[PDB]
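Following: one structure in structure tokens, then a few remarks.
With ideal geometry, Cβ positions are generated from the backbone for all residues, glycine too; neighbour counts draw on all protein chains shown. Laboratory data are not the source of any read-out in this text; all were calculated from the coordinates shown.
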Ligand code: SF4
Ligand code: SF4
């Protein structure tokens, strides 16, 4: 069934740069269980770190719960992303991960994986780079939350999704918003009605076409202009 | 002169868990050059990744420059912190690092270090945990920027500095703000006058004493209450 040797996201997931034998060795330890249902949690905050989770297909959201019980989303993960890097420093998950649609996950036992990386230097370096890239994306999200207005925040979110789907071999132009608009506003710090009005405006300028949960980008230059700008003085 | 064997922050820096021989091996590759002056940059965005930087003493700030030329700070680094993790994924620094006071830095050549970690599993695991902890702190900063008001943001910033200085063996009670208040507001998304009024209020409740750049915490319980709360409805 599911194996890394026959995976289209291998170049963006954990087996990147591994040759055939290294790839066989890596794939042996990975486990594929029943599909993750929508709303099902991969782990809860405080759970013992057992395995990392790669996303064969679907959408995952990472979030924490404030002292007052409010959910705050910290990341959306697409196919090829690895979830659970924040759990290594203390062998315990400090966050929640929840599927937003029916999703296939690859469970990678962390201690066995780390034992393997001590024997496969390419895998070690790829793990390093993936953690570094998560750090980089978190820094970019910090800049988004600090310097971008509502228009710029939503544009950056949409451009980021477009480029990631394009990296995963999908259409760079049309893609589905698998997360609710409430979750988008939670992640960007906006209201749902603010998101709806911004989408209306984006469609009015013909930059986007919105049809249900499907987004069509018609002017990537204008979208990237709004996404790479921080023009809000405040 | 400067060696990891005679370093008080060894348990919080990179040589953690290394025995005597492993520690000798690690220390051999690390280089100590002239001290970093205030305002001097360790690297610029786009510089080739040559070495990571550990902080033997002083204060560093990481920041990026927006398309409109504005600086946005993403982190402050104290003694024992490692700077340059975001540069691994592409062997190139995506950010700037600048000293806020006279600082001593340990230059760790990254390729030699990664070659060593392929031979010393404890060091490999410690590098993993440090990157994981940077991810965790970035997630916490995202939550700060998303859910906390000005009062809560400043309280969390001050409590975080207090706990980190306490981890480094310093006073948990009194500490110096080596970064300017403008840089604090940049990092937290606040105005300098907002910061000054918040400090006035914190001093009015006797929770803090402010004297120049020195902060004295008198009620850690109240400070942690404000720091761990996200009570702003908006
Ligand atoms: S998603 Fe699963 S099968 Fe595909 S490359 Fe990643 S670990 Fe391998
Ligand atoms: S600051 Fe320098 S000397 Fe001290 S533990 Fe870190 S690398 Fe070693």
ask   = Say a label goes 7 Å from Cα toward Cβ at residue A:122 in every copy; what distances in nm does this one have to the rest, shortest first?
value = 3.1
note = Contour minus Cα-Cα span, residue B:70 to residue B:218, at 0.36 nm per residue, comes to 49.7 nm
key: Shielding by other protein chains, B:66-72, mean Cβ within 10 Å   = 5
task = Per DSSP H run of at least 4 residues, take -39500 (n - 2.57); add these up for chain B, divide by its residues and hand me the 222 nm value, nearest 500 deg cm²/dmol.
result = -12500 deg cm²/dmol
ask   = Which percent of Cα pairs goes in each bin when the distances of region A:75-234 are cut into 10 angstrom slices starting at zero?
value = 9, 34, 33, 17, 7, 0
task = Quick one: with label points 7 Å out along Cα→Cβ, list the inter-copy distances for residue B:71 in nm, shortest first?
result = 3.9
Percent of Cα-Cα distances greater than 14 Å, calculated over region B:148-227 = 59
note = Tilt, helix B:150-167 to longest principal axis of chain B (alpha-carbon atoms), in degrees rounded to tens, equals 40
message = Taking a cut-off of 39 Å, what percent of all Cα-Cα pairs in the protein assembly as shown are separated by more than that?
response = 23
request  = At 7 Å along the Cα-to-beta-carbon direction for both residue A:209 and residue B:1, put a label point, then send me their distance in nm to one decimal.
outcome  = 6.6
request  = Shielding by partners for A:184-195, please: the mean number of other protein chain Cβ atoms within 10 Å of each residue's Cβ.
outcome  = 1
message = Rounded to whole Å, give me the distance from the Cα center of region A:21-63 to that of region B:120-187.
response = 29
message = Given contacts defined as C-alpha pairs under 8 Å and at least six residues apart, what's the relative contact order of chain A, whole-number percent?
response = 19
inquiry  = Compute the angle between helix A:192-204 and the longest alpha-carbon principal axis of chain A, please, reported from 0 to 90 degrees and rounded to the nearest 10.
reply    = 70
query = When the Kirkwood radius is taken over all Cα pairs of region B:43-145, what Stokes-Einstein diffusion coefficient follows at 20 °C and 1.002 mPa s, in µm²/s?
reply = 148
Teacher prompt: residue A:209 distances to equivalent labels in other copies, 7 Å Cα→Cβ, nm = 6.8
key: Distance between modelled label sites at residue A:192 and residue B:166, nm, 7 Å Cα→Cβ extension   = 4.1
Using alpha-carbon coordinates, inclination of helix A:20-29 to the longest axis of chain A, degrees = 90
